Every structure is written in structure tokens, then in C-alpha cells.
Protein chains: 2
Amino acid sequence: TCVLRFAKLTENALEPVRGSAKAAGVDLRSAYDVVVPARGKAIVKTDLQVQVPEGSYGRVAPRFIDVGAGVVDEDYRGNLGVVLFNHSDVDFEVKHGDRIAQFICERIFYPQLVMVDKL
Amino acid sequence: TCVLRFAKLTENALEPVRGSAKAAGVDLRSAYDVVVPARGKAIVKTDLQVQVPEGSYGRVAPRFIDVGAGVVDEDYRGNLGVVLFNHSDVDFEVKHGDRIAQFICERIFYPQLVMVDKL
């Protein structure tokens, strides 16, 4: 079985769903209304725990306001979130439900290796 | 055909270089001797082009001195390298042949998605 599982830590978490037919992963949404102060930063939690498939990694990718920027493995049991950095002079309100990142499953593979003349 | 290909742009390039039986990727090595000045930065070239397998990505990962840090896809035809940032007060000499990063092949995948009560 190759199954990605999420588990809500509180009633405030939202289910992760794909944004586009062609998106690389599913979007993570803010559990709370969070103000990121001007020139400040905030951790924005989803109130989701995640168990990625065995042997794989989940990368928290970007969906003004810089997101940091994280990768998890199958042992991770924390509450998924991002750190948002507000470079502007106006506070930024993240509302409950807002898309804050996408979560992409990835795995390392080992292809055959060769050198070539050109290409 | 799951094949990773590299191509030397000059005679200075080295082949990669798996670091250990357990390693996630192959190590990339500096083609030239490069001094990274104190408090300064330098781009350190391998003089390799790479063609990653179709539909995959190659991530240039760290194998004092901060390394940035890049992902490439199957269209990429540049000369692989890293930017090194020297935050110390002494210049740092990267010698021809020094390991500077590992190149890890990765694919995005689409597992089955569910919510669970708890992990």
C-alpha cells in the first residue's frame, strides 16, 4: 500500500485537497486566523499531523510574504505549519481556510548512471 | 529508460562519484581551484551538463561555508555548480576535485490520500 494519511489535531484543521487537476500535491490550509505583523513573522499551523508513505518525503512548498520551507519524513509527528515572513509595512491577515502551502510527496530514486560525450 | 547522463564541458570536469554504499546521490566535484574570499561568495562550477531522467528532478544538495542550493529538471542545459558563501574571516580554497554537493534524483508521486483519526 502507498497511502498518504492526515489526522486532524483539532476541529480547526481543514482537509488537504488538490488545487488543480495538474497540481503537484495537495494544498495545506490555515487552521486559525493569524496576523503576521508588519516586518515580523509568525508560525501558521494547519493542526494536521501527517504520515507520508514509507520510504518517502513530504515537502512543504509555497502555495511581500515569504514562506519557510520544510521537508518531513515518515517519522514526523508534529503539527504541520509554515513560518511566514512579512517584509512589508502592513500586517498580513491569514484567515482560517486560506491556502498557505502545498504538500508534495517525493521519493529518491537510483537511476542507471552514464557519462556521455554531449547532451 | 531510467538513465541519468552527465557530459563533461571541459577536461577539468570530474565524473560523479557516489560517496558511500548508503548515499542518497552522487557527489559533485569542483572542476577548478576556487578561492572564496572572506565574507564573500563564489560560484563553483563542475563543468558538467546533466540530463536527468524524463519526468524527474535533480537536487543539488550540500554533501563556515553555506552552499546554495538548486533543483534542475530534464530541460536544464547549464553547467552544474553551487554558490558558496564564506562567512568567516579567512578565505576558503576549494581545490580541483573537492566534493561540493550531492546530486540526488527525485520524482514526485501521487499516493492514495486519506484522513485518519490519529496516527
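In what follows, every heavy atom counts, from backbone to side chain, and hydrogens, waters and symmetry copies are set aside. Chain letters run A, B, ... following the sequence lines, proteins first and then strands; every chain starts at 1.
- In terms of heavy atoms, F109(A) sits closest to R107(B) at CE2-CG, 3.4 Å.
- A heavy-atom distance below 4.5 Å is found between the side chains of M115(B) and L48(A).
- Only the side chain of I104(B) comes within contact range of chain A, with at least one heavy atom under 4.5 Å from a heavy atom of that chain.
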Quiz item: Yes or no on side-chain contact (heavy atoms from CB on, under 4.5 Å) for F6(B) and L113(A), after CA distance, side-chain angles and deciding distance?
Solution: CA-CA 8 Å; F6(B) 290 94; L113(A) 176 74; 3.6 Å; yes
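- Residues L119(B) and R77(A) form a side-chain contact, since some pair of their non-hydrogen atoms from C-beta on lies under 4.5 Å apart.
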Practice problem: Output, in order, the C-alpha distance, side-chain angles, deciding distance and verdict of side-chain contact (heavy atoms from CB on, under 4.5 Å) for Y110(A) and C105(B). | Solution: CA-CA 7 Å; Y110(A) 302 95; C105(B) 293; over 6 Å; no
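- Nearest heavy atoms, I108(B) versus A24(A): CG2-O, 3.5 Å.
- You'll find the side chain of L4(A) stays beyond 4.5 Å of the side chain of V114(B), heavy atoms only.
- To the nearest 0.5 Å, atom CZ of residue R59(B) and atom CD of residue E106(A) are 6.0 Å apart.
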